[PDB]
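Engineer: for now just these chains, pulled out of the complex without moving them:
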Amino acid sequence: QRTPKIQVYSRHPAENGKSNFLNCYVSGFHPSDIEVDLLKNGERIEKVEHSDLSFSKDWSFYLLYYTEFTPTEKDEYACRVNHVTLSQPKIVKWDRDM
């Protein structure tokens, strides 16, 4: 299967207590329909924005989901992707070092 690849990362280098943007870059998937959620401590963040549908030279689709956020020591951020090629939700945790 042509499953969605995921990168979860911040727009700027993370510093606890400083406002930033959390990104989930989902790519390499086909067909185009997909459900992407950003999670905070396992709960869906509302009003997450996303880019318009685009595709790469290998035909696969890609999207950027993002929200404003403030990194902290203990809040756990993640990206959850649901797609027809997956047998289950794909969850990738945000790691400020990656």
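Structural biologist: Yes, it's here. Numbering: from 1, shown residues only, chains lettered A, B, ... in the order given.
Engineer: OK, contacts around residue A:98?
Structural biologist: Residues counted as contacts of residue A:98 (C-beta atoms under 8 Å, 6 or more residues apart in numbering) are A:8, A:9. Quick note: C-beta positions are derived from backbone N, CA and C, even for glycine.
Engineer: next one: residue A:13
Structural biologist: Residue A:13 makes contact with residue A:96 under the criterion C-beta under 8 Å, 6+ apart.
Engineer: centre-most residue in chain A?
Structural biologist: Geometric centre of chain A, nearest residue: residue A:24, 2.3 Å, by C-alpha atoms, centre = their mean.
Engineer: what helix or strand does that one sit in?
Structural biologist: Per DSSP states H and E, residue A:24 falls inside strand A:20-29.
Engineer: tell me the angle of the following helix or strand past that strand relative to strand A:20-29?
Structural biologist: Where DSSP H and E defines the elements, the next helix or strand beyond strand A:20-29 is strand A:35-40. Relative orientation of strand A:35-40 versus strand A:20-29 (axes from the mean of the first three to the mean of the last three C-alpha atoms, to 10 degrees): 150 degrees.
Engineer: list the buried residues for strand A:35-40?
Structural biologist: A:36, A:37, A:38, A:39 (16 or more other C-beta atoms under 10 Å).
Engineer: quick one: strands adjacent to it?
Structural biologist: The partner list of strand A:35-40 in its sheet, established with DSSP bridges, is strand A:43-44 (antiparallel), strand A:77-82 (antiparallel).
Engineer: residue A:93 reaches residue A:75, doesn't it?
Structural biologist: No. Using C-beta atoms under 8 Å as the test, residue A:93 is too far from residue A:75 to be in contact (11.4 Å).
Engineer: add chain B to what we have:
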Amino acid sequence: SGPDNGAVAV
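Structural biologist: Putting chain B together with the chains above:
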């Protein structure tokens, strides 16, 4: 300016 694929479809 994009292509016009014309009258003949796949």
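Engineer: what pairs with the residue nearest to the centre of chain A across the strands?
Structural biologist: Note on residue A:24: beta-bridge partners residue A:8, residue A:65, judged by DSSP bridges.
Engineer: quick one, what contacts it?
Structural biologist: A:6, A:7, A:8, A:36, A:38, A:64, A:65, A:66, A:79, A:81, A:92 (C-beta atoms under 8 Å, 6 or more residues apart in numbering or on different chains).
Engineer: for the first one, which non-adjacent residue is closest in space?
Structural biologist: Nearest residue to residue A:6 in three dimensions, chain neighbours excluded: residue A:92, at 4.6 Å (C-beta to C-beta, 6 or more residues apart in numbering or on different chains).
Engineer: then the fourth one?
Structural biologist: Using C-beta to C-beta, 6+ apart and skipping residues adjacent in sequence, the residue nearest residue A:36 is residue A:65, 4.8 Å away.
Engineer: for that neighbour, give me its contacts.
Structural biologist: Taking C-beta under 8 Å, 6+ apart, one finds A:23, A:24, A:26, A:36, A:37, A:38, A:48, A:49, A:50, A:51, A:79 in contact with residue A:65.
Engineer: over to residue A:27?
Structural biologist: Residue A:27 neighbours (C-beta under 8 Å, 6+ apart): A:4, A:5, A:56, A:60, A:61, A:62, A:63.
Engineer: okay, these in CSV with secondary structure, distance to residue A:87 and neighbour count next?
Structural biologist: Below are these laid out as CSV (DSSP: H, G, I helix; E, B strand; the rest coil; distance: C-beta to C-beta, whole Å; neighbours: other C-beta atoms under 10 Å in any protein chain shown):
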residue, secondary structure, distance to residue A:87, neighbour count
A:4, coil, 13, 23
A:5, strand, 16, 15
A:56, coil, 24, 10
A:60, coil, 19, 16
A:61, strand, 20, 19
A:62, strand, 22, 17
A:63, strand, 21, 19
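Engineer: sequence below should go in as chain C:
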Amino acid sequence: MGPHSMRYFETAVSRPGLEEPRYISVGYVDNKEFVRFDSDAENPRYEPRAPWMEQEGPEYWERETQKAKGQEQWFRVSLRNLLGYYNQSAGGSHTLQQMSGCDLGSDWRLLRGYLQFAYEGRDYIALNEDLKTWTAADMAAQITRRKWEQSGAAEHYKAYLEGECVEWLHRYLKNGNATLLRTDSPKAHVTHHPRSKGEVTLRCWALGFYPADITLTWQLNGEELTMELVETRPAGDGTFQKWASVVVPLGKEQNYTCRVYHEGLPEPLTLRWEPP
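Structural biologist: With chain C now in place:
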């Protein structure tokens, strides 16, 4: 980096039921989106996506919008035909995609022309580099290949690619000059991540750069190292990010150098781990 280019990436997705397909067309100049058409919009029309496109008057937008309405119908008929070729159910979900465009040479003439299609995300039929012959990828595409060899489709697309494609690209490069000539150089730094077994990961970051073209390398005492490299990713502000990491021995971090190559830089950046 490289020749100037224009591409149109077009997609139609059929929807289950009596619902007509969704058609999206995206235009790019030098790998940056500059126009978009989406049939799901309240008022479907081509829209400027790069603000320098607002140098075009209302006649341009009307003509391109009419062209998109024609392409949308061509994709609708083509999706219906493909159902027949592969003996699929009439009210299902299927995707037809096209890529078309040109690269310009030093004589402002066509360097390479591109014209290919995919069905369900897989190659279907493509125009070869000669702009004269077709590569059918599977057995259903043989039906299309015969039909298009008979209709002279290659000549039709060769004329667009060598003419209109190249001429409109030259016009867009002139109008978008002030923006297209802007580069954002990468800001680079090295981070240190201790591991078990006396090893350390050194990660070389390149942040906030435009265009996306970049090279990151790691060297041990000036000798190249063949390293984990993530795919270039958007920062969300129009610029890009990338990093490259290596696992090194503890105590020998200063023997490693990262080098960043990008067109915005007067020279490549060389850097190393800077302990506090």
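Engineer: once more on the contacts of residue A:27, with chain C this time?
Structural biologist: Residue A:27 is in contact with A:4, A:5, A:56, A:60, A:61, A:62, A:63, C:231, counting by C-beta under 8 Å, 6+ apart.
Engineer: chain B: strands as residue ranges?
Structural biologist: In chain B, no strands are found when defined by DSSP state E.
Engineer: correction: the stretch 51-200 of chain C
Structural biologist: C:95-104, C:110-119, C:122-127, C:134-136, C:187-194, C:199-209 (DSSP state E, counting those that start in this stretch).
Engineer: the first one - which strands sit beside it in the sheet, and in what orientation?
Structural biologist: Going back to what we said before, that points to strand C:95-104. Strand C:95-104 is paired, per DSSP bridges, with strand C:5-13 (antiparallel), strand C:110-119 (antiparallel).
Engineer: please apply the same query to the shortest one.
Structural biologist: Strand C:134-136 sits in its sheet next to strand C:122-127 (antiparallel), going by DSSP bridges.
Engineer: mind listing what's buried along the strand it pairs with?
Structural biologist: Neighbour-count burial for strand C:122-127 flags C:123, C:124, C:125, C:126, C:127 (criterion: 16 or more other C-beta atoms under 10 Å in any protein chain shown).
Engineer: now those in a markdown table, with distance to residue C:63?
Structural biologist: Converted to a markdown table, the buried residues of strand C:122-127 look like this (distance: C-beta to C-beta, whole Å):
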| residue | distance to residue C:63 |
| --- | --- |
| C:123 | 31 |
| C:124 | 28 |
| C:125 | 28 |
| C:126 | 28 |
| C:127 | 24 |
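Engineer: how close does the closest residue to chain C within chain A get to residue C:89?
Structural biologist: Chain A approaches chain C most closely through residue A:30 (3.6 Å), counting by C-beta to the nearest C-beta. Per C-beta to C-beta, to the nearest Å, residue A:30 is found 19 Å from residue C:89.
Engineer: nothing else from me, thank you.
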